[PDB]
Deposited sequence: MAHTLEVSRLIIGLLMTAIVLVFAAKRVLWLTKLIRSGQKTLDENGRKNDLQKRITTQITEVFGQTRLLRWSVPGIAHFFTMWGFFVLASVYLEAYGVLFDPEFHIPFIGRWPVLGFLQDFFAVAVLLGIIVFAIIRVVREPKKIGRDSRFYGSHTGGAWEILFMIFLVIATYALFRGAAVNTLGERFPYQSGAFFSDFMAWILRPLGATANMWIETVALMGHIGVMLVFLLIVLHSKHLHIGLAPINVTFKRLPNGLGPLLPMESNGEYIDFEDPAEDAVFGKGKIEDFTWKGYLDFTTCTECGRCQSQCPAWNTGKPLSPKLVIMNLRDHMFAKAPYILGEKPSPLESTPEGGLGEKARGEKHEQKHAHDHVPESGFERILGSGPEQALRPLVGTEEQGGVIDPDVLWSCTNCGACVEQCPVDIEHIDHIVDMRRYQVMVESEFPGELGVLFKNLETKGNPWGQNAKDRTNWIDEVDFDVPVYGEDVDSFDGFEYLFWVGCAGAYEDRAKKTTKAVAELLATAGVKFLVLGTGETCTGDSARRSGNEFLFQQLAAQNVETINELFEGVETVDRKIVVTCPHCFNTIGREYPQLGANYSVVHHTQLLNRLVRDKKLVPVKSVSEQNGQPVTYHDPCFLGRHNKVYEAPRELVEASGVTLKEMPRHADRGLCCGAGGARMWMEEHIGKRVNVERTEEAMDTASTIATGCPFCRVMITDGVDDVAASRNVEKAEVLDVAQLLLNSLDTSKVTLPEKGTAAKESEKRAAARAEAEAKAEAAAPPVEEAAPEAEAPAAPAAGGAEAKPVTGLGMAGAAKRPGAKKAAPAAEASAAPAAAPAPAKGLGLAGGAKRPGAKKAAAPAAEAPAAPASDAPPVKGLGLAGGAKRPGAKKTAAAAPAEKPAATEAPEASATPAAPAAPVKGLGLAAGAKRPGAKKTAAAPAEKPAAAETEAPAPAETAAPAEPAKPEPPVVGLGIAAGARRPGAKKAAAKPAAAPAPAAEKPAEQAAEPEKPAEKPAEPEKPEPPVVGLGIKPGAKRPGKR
């Protein structure tokens, strides 16, 4: 009897002490690795607005708002997660019982309610394991292939952890029954605890004689399994247990979408007019990723939520947001001895596994390189991204895939000088003519000559911004592209009908650089953005920050002029034409008098969270809006973002074709909100219709749908030169008033 009395403590304590040495030896090692990355300046090192960071950390972690969006797995994880917190109380009882069998949680160790929660969660976690187990059996990668949410994931490590949770419950159940039989009335939860009472009933026949050994065997298993399970987690892909709460603390706010962060080197922003000799552009090796970058890599849960939504992955291309993180994460660990200084420096779509081990070959691999180069990330993976944002919008742990993808592009374009040959034409056209098409700058104001109403042009006829409300910014697409130019005229006509006083910079405009920045060429973007910020700033001289209004017809201008120029000192209030037109129809300025489908632009919908305004215009125009199977924040890319408009799709199905086939199945009329969405979808309709041998679907812009519904017969738009005459009158009147006074 006494042998079991003391043996419980002798085995229990040494197991804890021995394991905590190994467990604590790796916690320092992981910390020594995650903190070995480059430091960060963004948001004061991801520390500004601290109070709001824990506010989202608690809501996203404990509330699981970010995670419950996927119903079946999120709900199961909710009980799996909260169970761990509750079962933590059990381990306190188990450890204390070693010192004395009468031990119980002093303050609450006999409260009947706490027993119900432990028992309720003791089986709720069991369901969580089953629900997770069923999903992987149904979605088996070997049975489904690339369509599987778990393709490329390490299935071996996922089942290993699920098995250990089962043992913890199985050992937990055995202890509860054994404890009741041995302790009897002295058992802490003598009342309630149905799951603990249930076990005692089945274990009762063995009697107190047998259960004396069962309790000790069960207990040592409960502590032993946990300690053995603790070591597995630290050395397994399950690291998101402790890192996930931290990766959400330092998350990019409000989300990992929107503007592209300025480049920094070793904790300092790069001065592009005087970059330092040691300045590093982009990220050409795993050591260039910041300490936050390493945290993202290790926090990946390999859930595949991002992968199931990637336009590139689902159209047959090697790119996968999951595998990019996994390949970077695995490369990070494989190269760890060289990063930490321990050694002196010397599935087919998963690029890391091309070179394995931590030998010298791992240290010499390019971060981005073809198979013959052994690179971790194939160039087709890197250049297949469209910057749609489906991965970032979907990550429960806020990994910000786009930041890593375009930070690697920055190295290729700006340092390595390697990029698809189709971007070479883009950069030469932008840097010589100011537009990606390479057309003459003098032809920018041609679209003004093709309309029959007055569109004042700053510098050309009107000398100042006085008396005007909005700067209408067209962009290269709205001035040079035949189909996009159609929308620009419609928007200008709508504003004139609504009476909004506006002007256009005309030939003083140049490319914003959204394609230039997201292709990785930030030398070009800073060269183009600086010209636009300076050009616009002169227009708004003497204009209060509130009145510095801009209206754009492209989500990319909306995203760049509004969110990325402020990094250069801008304070512009830019609004997409759908928002401006929506509140004009709201304000009864515009009076509109079979089904239609709307394609959400990823830079309008997903990045800038503009969903209701474009759809209200569609409804206000009298047509019936039919949502696609994939729409709103789960919309699909047409393949135009991230400079993919200028490259060519060699691999797999064409993204615009996949979207168009879905769009045409929904309705025969498609409404878009971007110059590039219209071009891609319109081109896709030509391919899809020809393949299907059916009449082409009508692709229009939400501005054109609104205009067609207006009864413009009663409206007389301003005659050409009307704004010029007013400018002369105001200028002449002011001159006369001052001349006659002085």
If I number the deposited sequence starting at 1, which residue ranges have no C-alpha coordinates at all? 1, 348-373, 621-628, 778-1042
